[PDB]
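Written below as structure tokens is the structure these notes are about.
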Amino acid sequence: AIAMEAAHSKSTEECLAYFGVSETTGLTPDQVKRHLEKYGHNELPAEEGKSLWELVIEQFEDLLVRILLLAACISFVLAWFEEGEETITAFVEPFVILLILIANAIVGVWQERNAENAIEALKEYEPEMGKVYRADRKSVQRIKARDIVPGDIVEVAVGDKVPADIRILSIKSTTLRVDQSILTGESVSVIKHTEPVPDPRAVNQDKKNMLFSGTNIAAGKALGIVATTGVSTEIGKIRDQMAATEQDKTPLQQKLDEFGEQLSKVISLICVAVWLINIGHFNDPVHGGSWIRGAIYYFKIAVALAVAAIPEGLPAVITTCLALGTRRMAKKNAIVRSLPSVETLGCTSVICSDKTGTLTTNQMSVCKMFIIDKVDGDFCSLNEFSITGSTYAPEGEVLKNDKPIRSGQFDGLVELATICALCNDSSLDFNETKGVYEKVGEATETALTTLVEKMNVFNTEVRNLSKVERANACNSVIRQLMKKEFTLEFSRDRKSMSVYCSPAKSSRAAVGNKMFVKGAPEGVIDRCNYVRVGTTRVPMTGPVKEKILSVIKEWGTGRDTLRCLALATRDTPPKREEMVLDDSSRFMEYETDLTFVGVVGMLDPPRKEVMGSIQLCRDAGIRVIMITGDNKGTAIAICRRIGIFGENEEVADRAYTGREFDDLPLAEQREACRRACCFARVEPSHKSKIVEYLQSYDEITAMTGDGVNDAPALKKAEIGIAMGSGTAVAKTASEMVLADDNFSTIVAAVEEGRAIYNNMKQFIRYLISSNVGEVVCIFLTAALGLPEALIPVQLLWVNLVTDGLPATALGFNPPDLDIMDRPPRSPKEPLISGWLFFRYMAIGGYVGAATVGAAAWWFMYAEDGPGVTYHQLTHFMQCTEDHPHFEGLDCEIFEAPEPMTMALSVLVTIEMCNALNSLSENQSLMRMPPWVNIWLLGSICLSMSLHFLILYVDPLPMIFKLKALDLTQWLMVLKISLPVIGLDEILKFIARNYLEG
Ligand SMILES: Nc1ncnc2c1ncn2[C@@H]1O[C@H](COP(=O)(O)O)[C@H]2OC3(O[C@H]21)C([N+](=O)[O-])=CC([N+](=O)[O-])C=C3[N+](=O)[O-]
Ligand SMILES: [Mg+2]
Ligand SMILES: [Mg+2]
Ligand code: NA
């Protein structure tokens, strides 16, 4: 018994005992190390996978490979029992088949392993984490879930993942709800308690005092103690049940297997059609005149073709593509959770992004602020100000009219600054490490803390105070004046919050306790009946309200697009008891009969790149919808400002608020979505509905989200996008995660999606095309009787290079060139277009011709070379027998190692040229010089060394039936290959200047 048995049936002390730790200290470095060695890291077994060798063996089991590797033994164990003994070639022949076949598996394992690596390494970008308490310090630590030792103290809050099996110690919140969907199969969140369950053998649905490793905190916060980790996890003892869940294949991978297998069919027919037509040649003297031998040799030709020219692993290539793709993506702060996601991402047609934080920086600060100044019936003067310093740091002055003043010398600004600090839940904190201050709570509010500290409306000291105390200086001071009794926080219905305070130097304070109100101006204003003019209060007249509002609009609608709130108090607050501090609806009741003090106005600029990334979207034909927390006015403004909306365009109907939407009928809602770009003050549901309608127009939609309650809409979206600083519960629902929470990154991701598509297309063209040619060649020698240009072994070598090195080097092609200037790709369109197929044949076929051509040339038009048998090079089987056409031509010439070291000498170089045509799908080599993909270029040279080496190191060429050639002859190779560069080039030009899309 290594595990703590039935903690579900124990008390909190019985659990704090078994390991021995306090919920203040946590596990000491000692016990940390001790449990780390006795129980081990909280993670599954480092499963091995397989060995190279064994995998190679597995690959050696094909119908064709078993057949061929045997059909070569027959022709060898026969070439020994004949009459005419020169056995060396037939001896080494089936062995080379073996060596080559092995080298197939070599690259096989090589590339798959490469694909496997780009999978695992994705997880390095987003490790598992959790909050713990250990003896080190009394603060909250975060660590990788593998670093959690069964025994330490775990902290869980709204949006986190239970990193281990914990027994609940303290329900920090009030109602603890847990998303156990992954294990218990119960999506609906369950409530949790600290009472001990009786039955130790109780089912999960009963152990409602336990939190399971992989379940998600849905509502509230909690503390607990770890009982088991590693494999003994309630989930870990089930993960042995299913190890293989890659159940599903993208419609693209599908469409590809469909086509590629369908090609396998044609490749097979025009294979046993090659062997079949050569039946009258089963009795030739060279075959010892044996039907059996005849069928053996040509059977080798057909099968050898089958084995090479057949597509070795199409589904693998897609994989190679995504692997490599996701690697670049993740490197760009685009963490792609699912694989199919990426394929889809290319087709992204719509992007729903949130303004706050994603489209803007969220560097919250207060730009301007105003208060009433003089009121005389219709005369109403304002006090406009400006506060310098966009930072969260209190390093700025409060200008008035471009001249700095002293906030304190205005009573309006006094009450103002107080409201701020006393309506503030967050505050600041100087950080020593980074050497800067940082928010502590909601940034909206913090910017307020900053303002107060900048205002210093009590002239308190600063320079003599440390940069640590400095941060909460004036704030503390304001707390010294007022005691925060209770708070009535926000509610999207009334749009505000209030606090309640009593004076400092006062014990019997009846008419000394006040109420501080901060909320959106819209509303806060309408519930104001008085206006504070310095330390006075005059009745809140129409005209005043009228002006107040005019400014608020100027600011919000201005080239500053300012989020501004209105601050006010209640001098006549209901009895410290008359308030029932429970019901939200009642809270607005108490927040009436107010005095309007002032209006702050605040900024959170849009990320620099954004403008550009949006303009780009327009180019790539993608649509962009901003969802924001601002009113329609400000939202439209922001939209105009960042290029979502034009400077002058009529947006009347292209932007909605939650309300407006809801006040629409559904048939018209669906209608809106088709042209909407800006949504404001919407509810979490609205997202999902928006997505819905966007689907209804066959849009591929990216949806940003980061809230627990976002999860449904994200999940409904084609591409869910969760923020890196978002709920993990949100991320579990999303297809991709934004490391840098940036809208610009989204856009880059989409671009990458498109580029990957291209690379997939590149690896394909060159594959399929090369192989097309690989067949036509061997079919021509069969359709013309020509002494075959390549023999089985020669062909399997070339193949074993073409799809071995220069092929994989295409996995290193850079992105294309007009990739973003075209409209988004449709998931509906076919993988290989009609024109593309033709392109494949054109090149492919061409390669066969220049393969038999290379032979044809060394004979008929054989310059300075033997043969020169102009006509009837066709029949060569009529030579030993019917030789009245023989003239200075020995028969053993159609068996010369020259036409071979021509065909093959050309093919290998033609494949190099083809590899270069496959840099860009449509873009010329003039626009995309071949010196662009260094790696590919490298493969060429490597391959070239092997070709030379199989011609110049005697063991090789002899065994391969190949004699090297002179320069006067290499010229023919080039003069015969390079025309492909040009042919494809021509074709690309038509695809380019005629069928752009
Ligand atoms: N559905 C909605 N309907 C109306 N207003 C909303 C809505 N959603 C958010 N808001 C308000 O829009 C703002 C968010 O940007 P975003 O990132 O959300 O797009 C939010 O700021 C405050 O109320 C919020 C707020 N608060 O806790 O959330 C507290 C406030 N306070 O009293 O201190 C004031 C808010 N305010 O808007 O004035
Ligand atoms: Mg092949
Ligand atoms: Mg938000
Ligand atoms: Na989803």
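So here's what we get for this one:
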| quantity | calculated |
| --- | --- |
| Relative contact order of region 771-899, pairs being alpha-carbon contacts under 8 Å that are 6 or more residues apart, as % | 36 |
| Dipole magnitude of the chain about its Cα centre (Cβ charges: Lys, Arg +1; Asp, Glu -1), debye to nearest 20 | 4940 |
| Relative contact order for the chain, counting Cα pairs under 8 Å that sit 6 or more residues apart, in percent | 11 |
| Amide hydrogen neighbours beyond the local backbone of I627, cut-off 5 Å, H modeled | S353, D354, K355, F679 |
| Residues with amide H under 5 Å from that of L488, placed H, sequence gap 5 or more | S498, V499 |
| Fraction of antiparallel bridges per DSSP, the chain only, in percent to nearest 5 | 75 |
| Extreme residue, positive dipole direction of the chain, given options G785, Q615, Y125 (C-beta unit charges) | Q615 |
| Angle between the chain longest axis and helix 63-77 axis [Cα atoms, degrees, rounded to 10] | 30 |
| Acute angle (nearest 10 degrees) that the helix 29-38 long axis makes with the longest principal axis of the chain, alpha-carbon atoms | 40 |
| Charge dipole (the chain, unit charges on Cβ, about Cα centre) - positive-most of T557, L276, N709 | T557 |
| Where chymotrypsin sites (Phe, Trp or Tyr not before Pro) fall in DSSP loop in region 645-719, at most 15 other Cβ within 10 Å | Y697 |
| Candidates per trypsin sites (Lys or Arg not before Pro) in region 759-863, loop by DSSP, up to 12 other Cβ within 10 Å | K828 |
| Neighbour cut-off at most 16 other Cβ (10 Å), DSSP loop, GluC sites (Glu not before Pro), region 24-83 | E47, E48, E61, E82, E83 |
| For region 283-297, Karplus couplings with θ = phi - 60° (6.51, -1.76, 1.60), whole Hz, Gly/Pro x | 10, 3, x, 4, 7, x, x, 9, 3, 4, 4, x, 4, 4, 4 |
| On Cα atoms only, tilt of 251-277 relative to the major axis of the chain in degrees | 0 |
| 3J(HN,Hα) from dihedral phi, region 398-404, Karplus parametrisation 6.51/-1.76/1.60, rounded to Hz, x for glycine, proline | 9, 6, 10, 6, 6, 10, x |
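Readers should treat all values here as calculations from the given coordinates under stated rules, not as data from a laboratory. With ideal geometry, Cβ positions are generated from the backbone for all residues, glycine too; neighbour counts draw on all protein chains shown.
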